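These notes concern the structure reproduced below.
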Amino acid sequence: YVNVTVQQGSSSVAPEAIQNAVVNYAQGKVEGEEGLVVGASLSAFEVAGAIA
Amino acid sequence: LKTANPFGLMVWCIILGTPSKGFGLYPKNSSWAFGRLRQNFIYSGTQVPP
């Protein structure tokens with residue numbers, strides 16, 4: 001379970017887009033990130049890095 | 001003057017810098033819960049007249 005607080009800035013983004021990006025980071029489409037493998041802790045810092 | 005593509009409209013928005021998620025984009029099938037029939041799982045008169 002994750003709680004995220006965010007300000008729009010100057011270009012609005014649909015929440016579902018961010019949610020999809022995060023949940024696919026869970027499987028990790030991007031290179032260099034294995035994902036949530038067995039025995040892998042998760043931190044809000046890594047989620048924020050994936051978003052960034 | 002004739003742009004109908006939502007992709008082109010979003011590109012225009014990126015050009016001008018305006019935020020985009022305040023606008024309805026498209027009536028196409030890409031919107032959630034759309035289909036050619038889409039008569040199932042809805043109140044089709046057997047449950048409620050809509």
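FYI, nothing fancy with the structure tokens labels: chains A, B, ... in order, residues from 1 per chain, ligands from 1 as they appear.
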DSSP-assigned alpha helix (DSSP H) among chain B, expressed as an MDAnalysis selection string: chainID B and resid 6:16
Using only C-alpha atoms, find which residues of chain B lie within 9 Å of chain A and jot them down as an mmCIF file with N, CA and C atoms, in the first residue's frame.
data_model
loop_
_atom_site.group_PDB
_atom_site.id
_atom_site.type_symbol
_atom_site.label_atom_id
_atom_site.label_comp_id
_atom_site.auth_asym_id
_atom_site.auth_seq_id
_atom_site.Cartn_x
_atom_site.Cartn_y
_atom_site.Cartn_z
ATOM 1 N N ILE B 14 1.299 20.939 -25.953
ATOM 2 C CA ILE B 14 2.703 20.922 -25.547
ATOM 3 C C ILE B 14 3.439 22.112 -26.150
ATOM 4 N N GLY B 17 2.033 25.028 -24.018
ATOM 5 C CA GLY B 17 2.303 24.896 -22.604
ATOM 6 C C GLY B 17 1.089 24.748 -21.713
ATOM 7 N N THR B 18 -0.118 24.850 -22.260
ATOM 8 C CA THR B 18 -1.317 24.711 -21.454
ATOM 9 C C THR B 18 -1.422 23.293 -20.894
ATOM 10 N N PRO B 19 -1.935 23.145 -19.677
ATOM 11 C CA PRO B 19 -2.249 21.800 -19.180
ATOM 12 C C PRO B 19 -3.382 21.182 -19.980
ATOM 13 N N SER B 20 -3.347 19.859 -20.091
ATOM 14 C CA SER B 20 -4.229 19.142 -20.998
ATOM 15 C C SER B 20 -5.302 18.314 -20.311
ATOM 16 N N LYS B 21 -5.057 17.821 -19.099
ATOM 17 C CA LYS B 21 -6.025 16.904 -18.496
ATOM 18 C C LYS B 21 -7.285 17.591 -18.002
ATOM 19 N N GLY B 22 -7.502 18.868 -18.287
ATOM 20 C CA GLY B 22 -8.763 19.504 -17.991
ATOM 21 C C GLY B 22 -9.775 19.441 -19.113
#
Shell around residue 49 of chain A at 12 Å using only C-alpha atoms, local window under 2 positions removed, as a PyMOL selection string: chain A and resi 21-22+25+33+42-47+51-52
Selection to disk with C-alpha atoms, as a PDB file, in the first residue's frame:
ATOM      1  CA  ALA A  21       3.617   3.623 -14.935  1.00  0.00           C
ATOM      2  CA  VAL A  22       4.181   2.603 -11.315  1.00  0.00           C
ATOM      3  CA  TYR A  25       7.593  -0.557 -12.846  1.00  0.00           C
ATOM      4  CA  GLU A  33      15.594  -2.427 -12.873  1.00  0.00           C
ATOM      5  CA  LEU A  42      10.517  -1.620  -1.565  1.00  0.00           C
ATOM      6  CA  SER A  43      11.068   2.013  -0.614  1.00  0.00           C
ATOM      7  CA  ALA A  44       9.210   5.194  -1.477  1.00  0.00           C
ATOM      8  CA  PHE A  45      12.522   6.597  -2.708  1.00  0.00           C
ATOM      9  CA  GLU A  46      12.756   3.963  -5.442  1.00  0.00           C
ATOM     10  CA  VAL A  47       9.140   4.554  -6.488  1.00  0.00           C
ATOM     11  CA  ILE A  51       8.346   8.218 -11.514  1.00  0.00           C
ATOM     12  CA  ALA A  52      11.095  10.780 -12.110  1.00  0.00           C
TER      13      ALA A  52
END
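Within 12 Å of segment 42-48 of chain B there are residues 33, 34 and 37 of chain B, counting only C-alpha atoms and ignoring same-chain residues fewer than 5 positions away.
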Residues from last step as file, C-alpha atoms, as a JSON list (two decimals), in the first residue's frame:
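Output file result_18.json is given in full below:
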[["chain", "number", "residue", "atom", "x", "y", "z"],
["B", 33, "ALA", "CA", -16.09, 0.46, -21.19],
["B", 34, "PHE", "CA", -16.89, 0.93, -24.86],
["B", 37, "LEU", "CA", -22.49, -4.12, -28.59]]
Distance of atom CA of residue 19 of chain A from atom CA of residue 6 of chain A, expressed in Å to one decimal place: 12.8 Å
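In this structure, atom CA of residue 26 of chain B sits 9.6 Å away from atom CA of residue 4 of chain B.
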